[PDB]
Amino acid sequence: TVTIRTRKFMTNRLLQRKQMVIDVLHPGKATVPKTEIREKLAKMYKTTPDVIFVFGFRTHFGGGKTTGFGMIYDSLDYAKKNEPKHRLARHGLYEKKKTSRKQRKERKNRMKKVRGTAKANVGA
Amino acid sequence: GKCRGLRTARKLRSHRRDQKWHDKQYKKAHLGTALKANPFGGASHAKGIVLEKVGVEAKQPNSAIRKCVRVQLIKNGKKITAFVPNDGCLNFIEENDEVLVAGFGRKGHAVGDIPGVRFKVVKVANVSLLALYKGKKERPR
Amino acid sequence: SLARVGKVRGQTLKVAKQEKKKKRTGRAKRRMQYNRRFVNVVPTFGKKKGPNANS
Amino acid sequence: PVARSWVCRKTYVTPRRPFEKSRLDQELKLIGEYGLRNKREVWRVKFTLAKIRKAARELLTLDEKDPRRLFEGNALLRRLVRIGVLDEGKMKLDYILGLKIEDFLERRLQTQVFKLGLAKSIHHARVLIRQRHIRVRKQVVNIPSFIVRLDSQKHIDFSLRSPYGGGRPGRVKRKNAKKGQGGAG
RNA sequence: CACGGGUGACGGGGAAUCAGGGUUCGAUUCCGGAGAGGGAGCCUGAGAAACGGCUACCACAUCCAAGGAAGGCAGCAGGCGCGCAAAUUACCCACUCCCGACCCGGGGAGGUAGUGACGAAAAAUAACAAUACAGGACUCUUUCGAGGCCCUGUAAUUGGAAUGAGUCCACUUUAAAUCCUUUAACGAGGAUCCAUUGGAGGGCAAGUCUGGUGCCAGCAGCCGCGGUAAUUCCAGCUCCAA
């Protein structure tokens, strides 16, 4: 009973994708996940859900409607060319560094103490 | 104004500048002597050290004994005969204890039956005296 | 002298505070106040008695 | 430096006299009859009327055919009719001064709920808004101080998710029916 | 009104406050100036008299093997002192842009959270119905009293109806979170899931109520109360203002 319609739809040849505002109607139930959105847009636009990156969901007061925004890529390699790394980690296909920012600052000045090749020996 | 010339602005402004110094409120707020003689120095509240408790005799017809405390400051070193605000609160105050002293509300003028005191105690030993009267707080001993 | 501090407060006889129904609060406090001032009164001659006036 | 508002503004003005008998009679009439909560929002509607009254007065001082008066006069009268306070045949800047504080209080949604007759009490009307049982143009309003527009007046009804309307029963009905069935087995 | 002195004077755009005019403030996010403990001098660089650059003196402070070496948080945190007075030694470059040889690296700039009754905006702490009653517009009754076509309120009298605060999952949110919103389930009849702060002679709304106190304690911004019937002190009831 969840119907998805098209708002602010326009193609991108400068950016090799599509983009539109996703309007989701789910009255009487919870906010559907971003994963659930992907195949519903995949079937109605007849594409694969792996090139579907949809986010930015905020529920209106009273329920029944959430406003979201997403991009449709032309191909999977385009989806990894021009995209922030965190959204690639949102779907689990990218694993970023887990080293804290403070620790990255700790060995930076310690490598400054040693002039020469032995900067790499200071780190760990 | 008396003179009504079209270019007497410097005459009118100088008269208003000079006659303002004859006003009690303007001269008090624009002289260093008024702030020099104030033990607070423009401060709303201040902390002081109790060195003794002083009983102050009352004025004309209404006659009683008012309980006061000789408060010695830490920021200036001056001594203030501050008044203990409420009834039966001199048992709460002890010797050599820091007290938060403010004014009483008349802004530099002796208030009512008490002669020569403009100051009241708010907090004692970082504990509010109002809660001591209400029993909401107990003095650490 | 300074010995008679807390003279009366010490010797005043202690009454423990008795229990009563908690007052209706919020807009219900003003709802209760509105009716018994305006609509519940009747036209009577003489001095209007105060809310706390007892003789 | 941060990029934000730093705009704090009071929505009400306290009276100059606190303790007069005449003002205490007048505002207490306005609270109980329309189900208000405190004297603060009483002063809060008066402060909004003071802005409209002062904006109208400076337009009367301006001469006729003043393009500032022509544009601001028409823009101010556009908003007055569309909230259902000023008649469309009374559209003129000089009857703004004759507008009282008694007229604004119907267009509050708490009073409009009683005026439409779907609440038993004016104070019960505030409970229905608080418990999200009603909606305006398919949008639930939880606040009684909603300003109902003239064109949005006829769309006020119960919300879809409301036991008083066409929705699921509340907690008490689920509590009473479960033990009624639980007692019977 | 020169010169000089003080300035508890960084200046302005502006802030509070006003019918009209004015008064006070502007350390504080934007612009411009000055500085990195106080001076002074300089290297490089297009641009510095730079101090998250040197060179000396002054004051403070550090390690020392006693030979010597080395420092500037009015940068974000944080610690001491000073005070009446002011937060975390948190996370992240995901937004804004900036810098570099640069699509890629870096940014305590900045963003996100924590403390936080500075303050501002919205807004809980209840609502309905029935029984006794105190009664209100009507008809009869010269009064008494009646039915309630219409109601108004009171009473730990009774009854169910609806939600939040909190418990609480799914999703969303976000760099990862968090908050809000949606979503299930619970969750209130003294809905103990209990609202406090001042005052009750006048200004100034609200007891000539009760007891104790007896010019004592004390109250009181002011007028004034208290000396044995205190409408003013201390308690209780009640009431009044937000």
# chains A, B, ... in the order shown; residues from 1 in each chain; ligands from 1
call {"tool": "interface_residues", "arguments": {"of": "chain E", "to": "chain B", "cutoff": "10 Å", "atoms": "only C-alpha atoms (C1' of nucleotides)", "output": "ChimeraX atom specification"}}
result
/E:8,82-85,215-222,224-226,233-234
call {"tool": "interface_residues", "arguments": {"of": "chain C", "to": "chain E", "cutoff": "8 Å", "atoms": "only C-alpha atoms (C1' of nucleotides)", "output": "PyMOL selection string"}}
result
chain C and resi 4-9+11-17+21-22+25-26+28+35-36+39-40+51-55
call {"tool": "write_last_selection", "arguments": {"atoms": "N, CA and C atoms", "output": "PDB file, in the first residue's frame"}}
result
ATOM      1  N   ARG C   4      19.714  36.627  73.449  1.00  0.00           N
ATOM      2  CA  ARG C   4      18.313  36.301  73.207  1.00  0.00           C
ATOM      3  C   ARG C   4      18.005  36.057  71.733  1.00  0.00           C
ATOM      4  N   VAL C   5      18.971  35.573  70.960  1.00  0.00           N
ATOM      5  CA  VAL C   5      18.733  35.249  69.557  1.00  0.00           C
ATOM      6  C   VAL C   5      17.883  33.984  69.479  1.00  0.00           C
ATOM      7  N   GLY C   6      16.904  33.988  68.579  1.00  0.00           N
ATOM      8  CA  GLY C   6      15.984  32.873  68.447  1.00  0.00           C
ATOM      9  C   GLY C   6      15.145  32.652  69.685  1.00  0.00           C
ATOM     10  N   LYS C   7      14.815  33.728  70.402  1.00  0.00           N
ATOM     11  CA  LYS C   7      14.068  33.595  71.647  1.00  0.00           C
ATOM     12  C   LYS C   7      12.642  33.127  71.387  1.00  0.00           C
ATOM     13  N   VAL C   8      11.954  33.767  70.441  1.00  0.00           N
ATOM     14  CA  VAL C   8      10.543  33.470  70.215  1.00  0.00           C
ATOM     15  C   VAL C   8      10.376  32.241  69.333  1.00  0.00           C
ATOM     16  N   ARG C   9      11.163  32.146  68.255  1.00  0.00           N
ATOM     17  CA  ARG C   9      11.065  31.006  67.346  1.00  0.00           C
ATOM     18  C   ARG C   9      11.312  29.687  68.067  1.00  0.00           C
ATOM     19  N   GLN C  11      10.548  29.088  71.291  1.00  0.00           N
ATOM     20  CA  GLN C  11       9.476  28.839  72.244  1.00  0.00           C
ATOM     21  C   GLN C  11       8.094  28.826  71.603  1.00  0.00           C
ATOM     22  N   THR C  12       8.000  29.033  70.291  1.00  0.00           N
ATOM     23  CA  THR C  12       6.711  28.901  69.625  1.00  0.00           C
ATOM     24  C   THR C  12       6.313  27.433  69.536  1.00  0.00           C
ATOM     25  N   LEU C  13       5.035  27.165  69.798  1.00  0.00           N
ATOM     26  CA  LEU C  13       4.545  25.794  69.850  1.00  0.00           C
ATOM     27  C   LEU C  13       4.388  25.232  68.443  1.00  0.00           C
ATOM     28  N   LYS C  14       4.833  23.991  68.263  1.00  0.00           N
ATOM     29  CA  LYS C  14       5.001  23.371  66.948  1.00  0.00           C
ATOM     30  C   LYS C  14       3.695  22.741  66.489  1.00  0.00           C
ATOM     31  N   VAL C  15       3.208  23.154  65.324  1.00  0.00           N
ATOM     32  CA  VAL C  15       2.060  22.512  64.696  1.00  0.00           C
ATOM     33  C   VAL C  15       2.513  21.816  63.422  1.00  0.00           C
ATOM     34  N   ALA C  16       2.311  20.503  63.367  1.00  0.00           N
ATOM     35  CA  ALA C  16       2.656  19.745  62.176  1.00  0.00           C
ATOM     36  C   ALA C  16       1.630  20.003  61.079  1.00  0.00           C
ATOM     37  N   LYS C  17       2.119  20.124  59.850  1.00  0.00           N
ATOM     38  CA  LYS C  17       1.262  20.521  58.744  1.00  0.00           C
ATOM     39  C   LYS C  17       0.300  19.398  58.377  1.00  0.00           C
ATOM     40  N   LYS C  21      -6.333  17.819  50.055  1.00  0.00           N
ATOM     41  CA  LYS C  21      -6.338  17.480  48.636  1.00  0.00           C
ATOM     42  C   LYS C  21      -5.465  18.447  47.848  1.00  0.00           C
ATOM     43  N   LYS C  22      -4.624  17.896  46.975  1.00  0.00           N
ATOM     44  CA  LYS C  22      -3.746  18.720  46.158  1.00  0.00           C
ATOM     45  C   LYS C  22      -4.565  19.540  45.170  1.00  0.00           C
ATOM     46  N   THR C  25      -4.204  21.997  39.018  1.00  0.00           N
ATOM     47  CA  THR C  25      -3.178  22.890  38.486  1.00  0.00           C
ATOM     48  C   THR C  25      -3.319  23.026  36.969  1.00  0.00           C
ATOM     49  N   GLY C  26      -2.395  23.777  36.371  1.00  0.00           N
ATOM     50  CA  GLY C  26      -2.476  24.056  34.947  1.00  0.00           C
ATOM     51  C   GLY C  26      -3.606  25.021  34.644  1.00  0.00           C
ATOM     52  N   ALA C  28      -6.582  24.130  34.504  1.00  0.00           N
ATOM     53  CA  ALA C  28      -7.670  23.754  35.398  1.00  0.00           C
ATOM     54  C   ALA C  28      -7.716  24.621  36.649  1.00  0.00           C
ATOM     55  N   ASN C  35     -14.999  30.130  37.264  1.00  0.00           N
ATOM     56  CA  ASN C  35     -16.417  29.847  37.477  1.00  0.00           C
ATOM     57  C   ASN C  35     -16.917  30.413  38.801  1.00  0.00           C
ATOM     58  N   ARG C  36     -16.152  30.238  39.876  1.00  0.00           N
ATOM     59  CA  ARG C  36     -16.600  30.666  41.194  1.00  0.00           C
ATOM     60  C   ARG C  36     -16.483  32.170  41.417  1.00  0.00           C
ATOM     61  N   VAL C  39     -19.673  33.229  37.202  1.00  0.00           N
ATOM     62  CA  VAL C  39     -20.976  32.630  36.922  1.00  0.00           C
ATOM     63  C   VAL C  39     -21.673  32.139  38.190  1.00  0.00           C
ATOM     64  N   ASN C  40     -20.929  31.860  39.261  1.00  0.00           N
ATOM     65  CA  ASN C  40     -21.523  31.300  40.468  1.00  0.00           C
ATOM     66  C   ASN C  40     -22.060  32.354  41.427  1.00  0.00           C
ATOM     67  N   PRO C  51     -12.799  36.824  49.474  1.00  0.00           N
ATOM     68  CA  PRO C  51     -12.563  35.371  49.415  1.00  0.00           C
ATOM     69  C   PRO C  51     -12.012  34.787  50.706  1.00  0.00           C
ATOM     70  N   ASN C  52     -11.364  35.593  51.544  1.00  0.00           N
ATOM     71  CA  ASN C  52     -10.818  35.133  52.812  1.00  0.00           C
ATOM     72  C   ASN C  52     -11.450  35.823  54.012  1.00  0.00           C
ATOM     73  N   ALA C  53     -12.410  36.720  53.792  1.00  0.00           N
ATOM     74  CA  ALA C  53     -12.963  37.543  54.863  1.00  0.00           C
ATOM     75  C   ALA C  53     -13.825  36.696  55.790  1.00  0.00           C
ATOM     76  N   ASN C  54     -13.420  36.604  57.055  1.00  0.00           N
ATOM     77  CA  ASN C  54     -14.219  35.985  58.102  1.00  0.00           C
ATOM     78  C   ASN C  54     -14.205  36.880  59.332  1.00  0.00           C
ATOM     79  N   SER C  55     -15.364  37.022  59.967  1.00  0.00           N
ATOM     80  CA  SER C  55     -15.486  37.889  61.133  1.00  0.00           C
ATOM     81  C   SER C  55     -16.008  37.122  62.344  1.00  0.00           C
TER      82      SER C  55
END
call {"tool": "interface_residues", "arguments": {"of": "chain C", "to": "chain D", "cutoff": "6 Å", "atoms": "only C-alpha atoms", "output": "PyMOL selection string"}}
result
chain C and resi 27+31+34
call {"tool": "closest_atom_pairs", "arguments": {"of": "chain D", "to": "chain E", "cutoff": "7 Å", "atoms": "only C-alpha atoms (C1' of nucleotides)", "output": "CSV"}}
result
residue,atom,partner,partner_atom,distance
D:1,CA,E:29,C1',4.1
D:2,CA,E:29,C1',6.3
D:8,CA,E:120,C1',4.5
D:9,CA,E:120,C1',5.8
D:10,CA,E:120,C1',6.7
D:19,CA,E:205,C1',5.7
D:124,CA,E:127,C1',5.3
D:127,CA,E:127,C1',6.8
D:131,CA,E:163,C1',4.8
D:170,CA,E:162,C1',6.4
D:172,CA,E:161,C1',6.9
call {"tool": "write_last_selection", "arguments": {"atoms": "C-alpha atoms", "output": "mmCIF file, in the first residue's frame"}}
result
data_model
loop_
_atom_site.group_PDB
_atom_site.id
_atom_site.type_symbol
_atom_site.label_atom_id
_atom_site.label_comp_id
_atom_site.auth_asym_id
_atom_site.auth_seq_id
_atom_site.Cartn_x
_atom_site.Cartn_y
_atom_site.Cartn_z
ATOM 1 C CA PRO D 1 32.110 32.954 14.399
ATOM 2 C CA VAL D 2 29.168 30.605 13.808
ATOM 3 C CA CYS D 8 15.617 36.152 20.779
ATOM 4 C CA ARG D 9 12.292 37.970 20.885
ATOM 5 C CA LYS D 10 9.484 38.203 23.421
ATOM 6 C CA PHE D 19 -2.195 44.572 40.809
ATOM 7 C CA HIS D 124 -12.112 19.363 26.637
ATOM 8 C CA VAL D 127 -7.448 17.887 25.437
ATOM 9 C CA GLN D 131 -4.038 13.916 22.361
ATOM 10 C CA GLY D 170 -7.010 3.871 22.740
ATOM 11 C CA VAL D 172 -8.017 2.381 28.051
#
call {"tool": "closest_atom_pairs", "arguments": {"of": "chain A", "to": "chain E", "cutoff": "6 Å", "atoms": "only C-alpha atoms (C1' of nucleotides)", "output": "CSV"}}
result
residue,atom,partner,partner_atom,distance
A:29,CA,E:183,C1',5.8
A:30,CA,E:183,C1',4.0
A:31,CA,E:171,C1',5.1
A:32,CA,E:171,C1',5.6
A:33,CA,E:171,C1',5.2
A:57,CA,E:172,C1',5.9
A:59,CA,E:181,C1',5.2
A:61,CA,E:181,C1',5.8
A:63,CA,E:182,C1',5.3
call {"tool": "interface_residues", "arguments": {"of": "chain A", "to": "chain D", "cutoff": "10 Å", "atoms": "only C-alpha atoms", "output": "VMD selection string"}}
result
chain A and resid 27 to 28 60 to 64
call {"tool": "select_by_dssp", "arguments": {"residues": "chain D", "states": "helix (DSSP H, G or I)", "output": "PyMOL selection string"}}
result
chain D and resi 21-34+39-61+67-82+88-90+93-95+104-106+109-116+122-130+153-155+171-184
call {"tool": "closest_residue", "arguments": {"among": "B:131, B:99, B:31, B:58", "to": "residue 82 of chain B", "atoms": "only C-alpha atoms"}}
result
B:99
call {"tool": "select_by_dssp", "arguments": {"residues": "segment 9-124 of chain A", "states": "strand (DSSP E or B)", "output": "list in words"}}
result
residues 9, 10, 11, 12, 17, 18, 19, 20, 21, 22, 23, 24, 25, 52, 53, 54, 55, 56, 57, 58, 59, 66, 67, 68, 69, 70, 71, 72 and 73 of chain A
call {"tool": "write_last_selection", "arguments": {"atoms": "N, CA and C atoms", "output": "tab-separated table (two decimals), in the first residue's frame"}}
result
chain	number	residue	atom	x	y	z
A	9	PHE	N	12.45	15.46	-10.69
A	9	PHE	CA	13.20	14.49	-11.48
A	9	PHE	C	13.88	15.18	-12.67
A	10	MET	N	15.18	14.94	-12.81
A	10	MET	CA	15.94	15.46	-13.94
A	10	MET	C	17.18	14.61	-14.14
A	11	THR	N	17.57	14.41	-15.40
A	11	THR	CA	18.73	13.61	-15.74
A	11	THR	C	20.00	14.45	-15.68
A	12	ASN	N	21.13	13.78	-15.46
A	12	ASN	CA	22.43	14.44	-15.37
A	12	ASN	C	23.40	13.79	-16.35
A	17	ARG	N	24.29	10.49	-13.94
A	17	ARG	CA	23.32	9.94	-13.00
A	17	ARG	C	21.95	10.57	-13.25
A	18	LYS	N	20.98	10.13	-12.46
A	18	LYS	CA	19.69	10.79	-12.29
A	18	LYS	C	19.57	11.28	-10.85
A	19	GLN	N	18.61	12.17	-10.62
A	19	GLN	CA	18.35	12.64	-9.26
A	19	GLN	C	16.92	13.15	-9.16
A	20	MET	N	16.29	12.86	-8.02
A	20	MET	CA	14.91	13.26	-7.76
A	20	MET	C	14.65	13.21	-6.26
A	21	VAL	N	13.58	13.87	-5.84
A	21	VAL	CA	13.12	13.82	-4.46
A	21	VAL	C	12.12	12.68	-4.32
A	22	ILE	N	12.36	11.81	-3.34
A	22	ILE	CA	11.55	10.61	-3.13
A	22	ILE	C	10.48	10.92	-2.10
A	23	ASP	N	9.22	10.73	-2.49
A	23	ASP	CA	8.07	10.95	-1.62
A	23	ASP	C	7.48	9.59	-1.27
A	24	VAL	N	7.45	9.27	0.02
A	24	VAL	CA	7.06	7.95	0.51
A	24	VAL	C	5.80	8.10	1.35
A	25	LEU	N	4.79	7.29	1.05
A	25	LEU	CA	3.51	7.31	1.76
A	25	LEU	C	3.33	5.95	2.43
A	52	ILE	N	21.22	2.48	-6.79
A	52	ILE	CA	20.24	3.34	-6.14
A	52	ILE	C	20.80	3.76	-4.78
A	53	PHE	N	21.07	5.06	-4.63
A	53	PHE	CA	21.53	5.63	-3.36
A	53	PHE	C	20.47	6.63	-2.91
A	54	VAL	N	19.68	6.26	-1.90
A	54	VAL	CA	18.60	7.11	-1.39
A	54	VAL	C	18.81	7.32	0.10
A	55	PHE	N	18.67	8.57	0.53
A	55	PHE	CA	18.91	8.92	1.92
A	55	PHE	C	17.99	10.08	2.29
A	56	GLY	N	18.33	10.76	3.38
A	56	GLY	CA	17.70	12.01	3.76
A	56	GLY	C	16.22	11.91	4.07
A	57	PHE	N	15.83	10.91	4.85
A	57	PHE	CA	14.43	10.70	5.19
A	57	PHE	C	14.09	11.43	6.48
A	58	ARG	N	13.03	12.24	6.43
A	58	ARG	CA	12.51	12.92	7.61
A	58	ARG	C	11.00	12.77	7.62
A	59	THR	N	10.46	12.28	8.73
A	59	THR	CA	9.03	12.03	8.84
A	59	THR	C	8.30	13.30	9.24
A	66	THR	N	6.94	10.65	4.46
A	66	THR	CA	8.32	11.06	4.69
A	66	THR	C	8.90	11.62	3.40
A	67	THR	N	9.78	12.60	3.54
A	67	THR	CA	10.44	13.24	2.42
A	67	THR	C	11.88	12.75	2.35
A	68	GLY	N	12.28	12.21	1.20
A	68	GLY	CA	13.63	11.73	1.00
A	68	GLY	C	14.16	12.14	-0.36
A	69	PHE	N	15.48	12.04	-0.49
A	69	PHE	CA	16.16	12.45	-1.72
A	69	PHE	C	17.18	11.38	-2.09
A	70	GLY	N	17.25	11.05	-3.37
A	70	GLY	CA	18.15	10.00	-3.83
A	70	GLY	C	18.59	10.22	-5.25
A	71	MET	N	19.68	9.54	-5.63
A	71	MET	CA	20.25	9.63	-6.96
A	71	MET	C	20.24	8.25	-7.62
A	72	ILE	N	19.98	8.22	-8.93
A	72	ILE	CA	20.05	7.00	-9.72
A	72	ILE	C	21.25	7.08	-10.65
A	73	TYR	N	22.18	6.13	-10.51
A	73	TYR	CA	23.34	6.12	-11.38
A	73	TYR	C	23.07	5.33	-12.66
call {"tool": "closest_residue", "arguments": {"among": "B:7, B:67, B:16, B:30", "to": "chain C", "atoms": "only C-alpha atoms"}}
result
B:67
